[PDB]
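Chemist: Per the deposited numbering: the sequence shown = residues 61 to 186, 195 to 244, 256 to 426, 433 to 491, 493 to 592, 633.
Before I ask anything, let me first share the structure, which is written out below as structure tokens.
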Amino acid sequence: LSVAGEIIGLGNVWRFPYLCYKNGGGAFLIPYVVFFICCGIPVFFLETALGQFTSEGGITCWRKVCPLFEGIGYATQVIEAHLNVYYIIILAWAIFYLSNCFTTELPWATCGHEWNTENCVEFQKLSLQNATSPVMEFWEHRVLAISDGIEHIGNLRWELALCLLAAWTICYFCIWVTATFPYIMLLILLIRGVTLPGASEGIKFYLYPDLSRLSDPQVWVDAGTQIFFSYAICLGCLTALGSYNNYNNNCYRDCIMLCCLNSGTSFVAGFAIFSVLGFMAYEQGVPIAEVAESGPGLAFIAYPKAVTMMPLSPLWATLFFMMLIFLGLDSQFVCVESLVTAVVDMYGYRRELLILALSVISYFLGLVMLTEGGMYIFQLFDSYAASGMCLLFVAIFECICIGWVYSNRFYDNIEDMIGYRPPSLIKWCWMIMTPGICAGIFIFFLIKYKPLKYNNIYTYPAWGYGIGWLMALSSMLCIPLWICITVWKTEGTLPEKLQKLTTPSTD
Ligand SMILES: COc1ccc(C(OCCN2CCC[C@H](C(=O)O)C2)(c2ccc(OC)cc2)c2ccc(OC)cc2)cc1
Ligand SMILES: [Cl-]
């Protein structure tokens, strides 16, 4: 039995270093631990066991167990669709970067190009105020012509538009040895990172928590929700992951590797990246902060520099973007296949040709993020939709059902499935810990919050936060509303009616 490169993906190589550097330093690692043992493994285990016992995923599995709580599935399908639209945008930039890599001299290493301004200094070749770097000018002026403000959307970058079209075609065909390659590249990047001048200075910024700043709830809601973005929890795919098992699989001991090892790659990625930020500081005499960007560009401003600071730069630059593209496509294939499970809901009745309709709709809708100033709407797509509060609230209801509306009986089913009984701490976690911690964090965020800013300079207008609230509600308001559809369509008498909607089916 083996799983190869399953845990490794874009969820810990691109997102985790982004969030760790933005919110702060090593202080972010404390909420990443308390949200891991408690609000982590128990939910993953619950989802996997529920998907394995019922032998079905999506929404019908939640129809069988607590038919009243059928709206959970609809919430997980909408958020998956929201993720599918923008997750492919990241793969467009990698295609563009790989496209102009087949050359003797890398374009993101020298000064004097048309897009470059007069303030660039070609460092490492023989401080100075108002100075920038050539690497950042290949991100802020060439791939994405950033426009001041969200009001001005400007024109559309046609070069990036074609790259997105390729990504869709490559995978519209996906749905008509290897898998060890990413680890080698990660090791190579890590080796070239720690053995650099000033590397140890950056590490202390990463492994020394800065307390007294935990009062801000932003550090507390990004952590935990990042864990939920990883592990693929609350995305409506884990409930189908266990459907392929053989009903006699040791589910508890099964994830203990995946339940833990997937968090063992984020630490190594942080080691590899945060060591580079110390180098750029030792080269420009600047704080460990302000060397790069706090938004979703760090993975495209830190790696290309490390690759440049290495012999045979083009050859290694070609392969890194290849592994990024491969991981992104592999992650997108599964997330696009599950949404087409709408067949079970509508009994595409027989033939699933709606994949073509989904791709065309998703392509045209996603063209907004590729226009001038498209990153500004990207943050609103990543801090409120498919992240932030959209997952915490769903998880509070994820299953107080298994905890209160179904615990002891489920443990009997688990013992029947695997043979023995898991420790009783998980049951108490389900009962009181996860729905308690998540509710506390939710109330903390809603009682005292700070407006979100793009890399801590630019603040969105009122309508940006309005659209963020709209897109966040569009996934969390389905569960309370769906009870009004289920109840009030049955007999009607509340006491007698509540009983039927709660009795599970004949599993
Ligand atoms: C890169 O290649 C893959 C990596 C993980 C997966 C799984 O989720 C994919 C969901 N995506 C959410 C945002 C980005 C995450 C990331 O890219 O990391 C993952 C997966 C899901 C459903 C499956 O059956 C239908 C099978 C696998 C996954 C998730 C967690 C896990 O254990 C922690 C193992 C597999 C699949 C391919
Ligand atoms: Cl993570």
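C-beta: ideal position from N, C-alpha, C; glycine also.
1. Just reading off the alpha helix (DSSP H) that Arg75 is part of, what are its end residues?
2. State buried or exposed for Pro366, treating a residue as buried only when at least 16 other CB atoms are found within 10 Å of its CB.
3. Only counting runs of 4 or more residues, tell me where the alpha helix (DSSP H) segments fall wholly within the stretch 308–363, in order along the chain.
4. Cβ-heavy atom distance between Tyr92 and ligand 1 below 7 Å?
5. Applying the criterion that 16 or more other CB atoms from any shown protein chain within 10 Å of the CB defines a buried residue, is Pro261 buried or exposed?
6. Can you name, in chain order, every residue of its own chain whose Cβ lies under 6 Å from the Cβ of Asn223, other than the five neighbours on each side?
7. So the candidates are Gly65, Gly71 and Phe206; which of them puts its Cα closest to the Cα of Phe346?
8. Can you determine whether any heavy atom of ligand 2 sits closer than 7 Å to the C-beta of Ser342, and answer yes or no?
9. Look at the Cβ atom of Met388, then the Cβ atom of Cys475, and state whether they are nearer than 8 Å.
10. In or out: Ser201 buried (at least 16 other Cβ within 10 Å) or exposed?
11. Would the C-beta of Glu66 count as close to ligand 1, meaning under 7 Å from any of its heavy atoms?
12. Using the Cβ count rule (16 or more neighbours within 10 Å means buried), how would you classify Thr259?
13. Should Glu280 and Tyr361 be called a contact, given that it needs their Cβ atoms to be closer than 8 Å?
14. Between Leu441 and the rest of its own chain, which residues show a CB-CB distance below 8 Å, the 5 nearest in sequence each way excluded?
15. How many angstroms separate the CA atom of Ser373 from the CA atom of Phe76?
16. Taking one C-beta from the stretch 374–393 and one from the stretch 161–174 each time, how about it: are there three or more such pairs within less than 8 Å?
17. Is it buried or exposed, residue 492, if we count other Cβ atoms within 10 angstroms and call 16 or more buried?
18. Excluding the 5 residues preceding and the 5 following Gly433 in the sequence, name in chain order all residues of the same chain whose CB lies nearer than 6 Å to its CB.
19. Between which two residues does the alpha helix (DSSP H) holding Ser215 run?
20. Going by beta carbon distance, what residues of the same chain come within less than 6 Å of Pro581, once the five residues before and after it are set aside?
21. Indicate the three-state DSSP secondary structure (helix, strand or coil) for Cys486 in the structure shown.
22. For the stretch 380–387 and the stretch 282–301, state whether three or more C-beta atom pairs, one from each stretch, are separated by less than 8 Å.
Modeler: Put simply:
1. Counting along the chain, the alpha helix (DSSP H) containing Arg75 begins and ends at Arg75 to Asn83.
2. exposed
3. You should have 317–320, 330–340 and 342–363.
4. No, ligand 1 has no heavy atom inside 7 Å of this Cβ.
5. buried
6. Here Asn223 has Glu457 as same chain residues with Cβ atoms under 6 Å from its own Cβ, once five neighbours each way along the sequence are excluded.
7. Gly71
8. Shortest gap from the CB of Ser342 to any heavy atom of ligand 2: under 7 Å.
9. Contact: no.
10. Under this definition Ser201 is a buried residue.
11. yes
12. exposed
13. yes
14. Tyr240
15. One C-alpha to the other measures close to 12 Å.
16. yes
17. The chain lacks coordinates between 491 and 493, the interval that contains residue 492.
18. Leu439
19. From DSSP, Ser215 is part of no alpha helix (DSSP H); its letter is neither H nor E.
20. none
21. helix
22. no
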